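Counting neighbours? That spans all protein chains shown, and the Cβs are built from the backbone with ideal geometry, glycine included. We did not get these values from a lab; they are worked out from the coordinates using the rules stated.
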Amino acid sequence: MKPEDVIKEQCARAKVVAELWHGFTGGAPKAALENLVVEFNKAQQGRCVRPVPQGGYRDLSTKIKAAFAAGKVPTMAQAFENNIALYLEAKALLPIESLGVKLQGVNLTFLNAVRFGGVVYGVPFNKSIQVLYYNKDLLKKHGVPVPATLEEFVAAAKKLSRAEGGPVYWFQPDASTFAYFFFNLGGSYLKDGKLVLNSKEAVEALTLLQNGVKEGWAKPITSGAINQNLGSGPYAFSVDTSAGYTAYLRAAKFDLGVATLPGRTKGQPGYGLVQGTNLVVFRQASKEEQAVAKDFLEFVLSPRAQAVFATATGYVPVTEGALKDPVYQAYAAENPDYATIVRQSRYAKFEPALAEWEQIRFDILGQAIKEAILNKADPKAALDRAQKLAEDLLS
Ligand SMILES: Nc1nc2c(ncn2[C@@H]2O[C@H](COP(=O)(O)O[C@H]3[C@@H](O)[C@H](n4ccc(=O)[nH]c4=O)O[C@@H]3CO)[C@H]3CC(O)(O)C[C@H]32)c(=O)[nH]1
Ligand SMILES: [Cl-]
């Protein structure tokens, strides 16, 4: 019987059920969440969590918006920082510390991100960092060191693409990939409080990617995840979420490597984009449902729950105590990629937490990146149209 079938039987028997709406569509994240939930439900006497898949993360925020309109929300949901900003406009969210959930020991990179006007409104749960995935065999074949700097990274992509007769740096033409180049060229999305999409660092970042396509070293991936396209043509590198770690390991026919990101200089690794979500608790939930949320949140923050979840997926453990847990230690001792993910999590940047950001990153910024990369639009002209559309949406 599948974990989701066991959870269904657990919730059928329970006297109180707290729904948790999520955006895991499958693979290791979905299985690891469901395993965490079965264990929690087993320790409870008739008090359970029911995880409800709502599609992807965009389907989830659409589903929560419908629930506001219908007047019926879940007890808990996954949320990005911008989704939290949006839900706070409706005063929909319970402050976490009012449930008595202790947050001492949560990574300040993650706790700062859920604090709005000095109050914590989410529990960091599944937090990812971008890493450098690479083909150990193909770098070794051609004598190419893992690149430590953006300059070395471009040099390595060109050398390997020439040797293998195909573009070896694979990328999705999206806001997440753009953020890695933008941040490590000195970019900042906010200037004196204003959102800017068309700064010289943005044009520099999109131009670097478009020039890589033209020069034959950068391969756009338009159908499926990078790890779902492996095996078609030579691959050397991608910049991708740590939460894809198990998918990469299972797909790659070559010796997979994980490195810290290339940076401006060898003095420090590149900054990676933080992705994944926080759990929020809705005010409209009953006192009995809120008590279940309190216990589930303390369970999710326990060193063992974090150790198992993070080693199953590639997410970054959110607590100091997770790294001191023997099950984490056992995994890290056999596989250095876990410590690599933690070290990269020290060099970590967030996108803006504006309530409108989800629409901007996909429909405005992501469309401009696709215009430049897939339809040969001039980078500055594509980003000037994005700036115009963002300015119109934020007024
Ligand atoms: N709605 C909304 N989405 C946002 C926001 N900021 C960023 N993102 C998206 O976060 C995804 C990263 O979140 P993460 O939890 O790190 O990783 C995801 C999956 O990526 C990853 N996965 C799954 C299958 C696979 O073959 N490979 C794989 O890597 O597993 C996890 C569960 O789906 C990016 C992907 C995106 O949808 O294209 C746009 C990005 C936001 O503000 N809102
Ligand atoms: Cl850096």
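Here are some notes:
- C-alpha long axis of helix 200-214 to longest principal axis of the chain, angle in °: 70 degrees
- Net charge contributed by nearby residues that have their C-beta within less than 13 Å of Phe362 (K/R +1, D/E -1): -3
- Ascending count of other beta-carbon atoms within 10 Å, so fewest first, for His142, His22: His142, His22
- Label zone at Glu97, where the point sits 7 Å out along the Cα-to-Cβ direction: segment 116-143 residues whose backbone N lies under 16 Å: 116-124
- Shape call, segment 240-375: gyration tensor on alpha carbons, a/c limit 1.5: oblate
- Ranking of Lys42, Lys349 by count of other Cβ atoms within 10 Å, fewest first: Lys42, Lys349
- In a fully extended conformation the segment linking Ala333 and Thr265 would gain 21.6 nm over its present Cα-Cα distance, using 0.36 nm per residue.
- Basic side chains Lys and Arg get +1 at the Cβ, acidic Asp and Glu get -1 at the Cβ, and with that the dipole of segment 260-393 about its Cα centre reaches some 500 debye.
- Selected from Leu36, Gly46, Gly71, residue furthest toward positive end of dipole (segment 29-77; charges at beta carbon): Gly71
- Inter-part distance, segment 208-286 to segment 133-156, computed on C-alpha centroids, equals 15 Å.
- Its Cα centre serving as origin, segment 47-178 has a Cβ charge dipole (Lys and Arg +1, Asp and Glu -1) of approximately 360 debye.
- Spatially, segment 328-360 and segment 7-46 are offset by 25 Å when compared through their Cα centroids.
- If the segment from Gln45 to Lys380 were pulled out straight at 0.36 nm per residue, it would be longer than the present Cα-Cα gap by 114.6 nm.
- Counting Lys and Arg as +1 and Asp and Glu as -1 over every other residue whose Cβ lies under 11 Å from the Cβ of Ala305, the net charge comes to -2.
- Taking 0.36 nm per residue of sequence separation and removing the Cα-Cα distance, the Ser286/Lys388 pair yields an extension gain of 32.4 nm.
- When +1 charges are put on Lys and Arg Cβ atoms and -1 charges on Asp and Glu Cβ atoms, the dipole computed for the chain relative to its Cα centre reaches about 240 debye.
- DSSP-loop trypsin sites (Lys or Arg not before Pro) across segment 229-305, with at most 15 other Cβ within 10 angstrom: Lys253, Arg264, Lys266, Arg283
- Stokes-Einstein D in µm²/s, Kirkwood radius over Cα pairs - segment 116-181 at 25 °C with 0.890 mPa s viscosity: 167 µm²/s
- Under-27-angstrom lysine pairs by C-alpha in segment 175-280, whenever the two are 8 or more apart or on separate chains: 6
- Using every pair of separate Cα atoms, the Kirkwood estimate puts the hydrodynamic radius of the chain at 22.0 angstrom.
- Here the residues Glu391, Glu356, ranked from fewest to most Cβ neighbours within 10 Å of their Cβ, fall in the order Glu391, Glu356.
- Kirkwood-Stokes translational diffusion coefficient of segment 1-54, alpha-carbon pairs, 10 °C, 1.306 mPa s, µm²/s: 143 µm²/s
- Only Cα sites of segment 141-285 enter the Debye sum here, all with the same form factor; the resulting log10 I(q)/I(0) across q = 0.09, 0.10, 0.11, 0.16 1/Å is -0.32, -0.39, -0.46, -0.93, listed in q order.
- Between the Cα long axis of helix 3-13 and the first principal axis of the chain there is an angle of about 20°, rounded to the nearest 10.
- Taken over segment 280-331, the alpha-carbon convex hull comes to 78 cubic angstrom per residue.
- The residues neighbouring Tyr271, those whose beta-carbon lies less than 14 Å from its own, together hold a net charge of +2 under the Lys/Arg +1, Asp/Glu -1 convention.
- Top positive-direction residue, dipole computed over segment 158-299 with Cβ charges, set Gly224, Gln290, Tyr180: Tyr180
- In terms of overall dimensions, the C-alpha atoms belonging to segment 1-115 reach 40, 34, 30 Å along their principal axes, ordered largest to smallest.
- Axis of helix 303-313 versus longest Cα principal axis of the chain: the two differ by about 40°, to the nearest ten degrees.
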